[PDB]
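Throughout, read-outs are computed from the coordinates displayed, never taken from laboratory work. Note: ideal-geometry Cβ built from the backbone for every residue, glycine included; neighbour counts use all protein chains shown.
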């Protein structure tokens, strides 16, 4: 059927122009629209009528038409722009509107080191027959990071899960939570609980630890 | 002014029908804005179009070819709403559903809050909230950090605020992870001055609307 | 039976 074809990814450095493209076979006609998706909330209109900037959008955002291939050029890219971008238009006879797959702007910027924190289990969880130990990393750009849970100076595998926060937009840094799930018995065994963190921004792996019962 | 309000989170069993509502404010559904559109976001499918409805002159409804034979958009001119009704739902229909308006010749400006729909046969469960308390003989340096742990809930949608929403700065509410239990776990965290650890109270307000659960938990050393 | 205004 009808289709709007768009790349999957796009990368640039800050203060540098980015150029996203979206090709369509009905774009010769039917005008065109752009939207942005920062995960967690509704889309945002960035350009309409192929070059008409709505209000509230930074002047760095602009787009040309160029017939069958429309584009979104973002000059002096700021890091808050890292997002997933989408191109929309409508078919000939304009009776069915369509979307693109979506590009992912990367805006490779800075390197921030995480602020590592350790949270021991609440006794409320211990009245239930389980335990969860939390290692938190705060405000680092390269999403790549290690956590290396330790209990009796004994690394473990397949016992934890991780989740990253995407765009707080204050600094637009990533944050991570590693949770070690364990039995109350296995928790009241052993004594030391620690996480060692490795990141591009750290000279050496930082370790945060706690002793049960302190 | 022009405000769109969507319905709450939904848990629909895999063979049943989904019903969603988008209520409008500040303008008439019957005007010649002529978008009154529905859309959805899937983890790897992306933004996919669903359907349209135009104006009073003759209420046209045109849907996407992908989902045409199951969808139906119905205006309610009495209530100033437009509804989505999707038939023979599939576990692949689990996504986040949005509704939008278009000014006509030039936009999809206004959007809705979003609706998280879960296509599953599982029964609803309410979460258990636990403190992620601050260190006290250790907090220093890179300031203090504290949080809340929401565990063992289904479906996925839970919303967490701090101090009835007074904090909204430094908050990192993390994406939820489904556990080996088949249930969800989420963690909300805030970084605060180490000095305000006794002079200011910090409480996380969790709401699992699917379970009709609303809890407030204070985090203290 | 026509759509909103064309380009």
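Each residue in the stretch B:1-10 was checked for being in contact with a helix residue (DSSP H, G or I) (Cβ under 6 Å, 6 or more places away or on another chain) and either outside any loop (DSSP other than H, G, I, E, B) or surrounded by fewer than 18 Cβ atoms within 10 Å (Cβ to Cβ) (or both), and 1 pass. Under the condition of being at positive phi and either free of Cβ contacts under 8 Å to residues at least 24 places away in the same chain or not in a loop (DSSP other than H, G, I, E, B) (or both), the residues counted in the stretch A:2-50 number 2.
Does the stretch B:74-129 hold any residues that are surrounded by 15 or more Cβ atoms within 10 Å (Cβ to Cβ), more than 20 Å from the chain's Cα centre (by Cα) and not in a loop (DSSP other than H, G, I, E, B), and which are they? B:75 - this is the single residue of the stretch B:74-129 that is surrounded by 15 or more Cβ atoms within 10 Å (Cβ to Cβ), more than 20 Å from the chain's Cα centre (by Cα) and not in a loop (DSSP other than H, G, I, E, B). From the list B:157, B:131, B:127, the one residue that fits, being touching a helix residue (DSSP H, G or I) at 6+ places or on another chain (Cβ under 8 Å), in contact (Cβ under 8 Å) with a residue 60 or more places away in the chain and more than 30 Å from residue B:23 (Cα to Cα), is B:131. Looking at (1) out of contact with any helix residue (DSSP H, G or I) (no Cβ under 9 Å at 6 or more places or on another chain); (2) within 14 Å of another protein chain (Cβ to nearest Cβ); (3) under 29 Å from residue B:125 (Cβ atoms), which one does residue B:17 not meet, given that it meets all the others? Here residue B:17 meets the rest and fails (2). Taken over the stretch A:111-168, the residue count meeting the criterion of being without any contact (Cβ under 8 Å) to a residue 24 or more places away in the chain and at positive phi is 1. Within the stretch A:89-109, being in contact (Cβ under 8 Å) with a residue 24 or more places away in the chain and within 14 Å of chain C (Cβ to nearest Cβ) holds for A:89, A:90, A:91, A:92, A:94, A:96, A:98. Total residues in the stretch B:27-50 satisfying the condition of being touching a strand residue (DSSP E or B) at 6+ places or on another chain (Cβ under 6 Å) and either surrounded by fewer than 15 Cβ atoms within 10 Å (Cβ to Cβ) or on the phi > 0 side of the Ramachandran plot (or both): the figure is 2.
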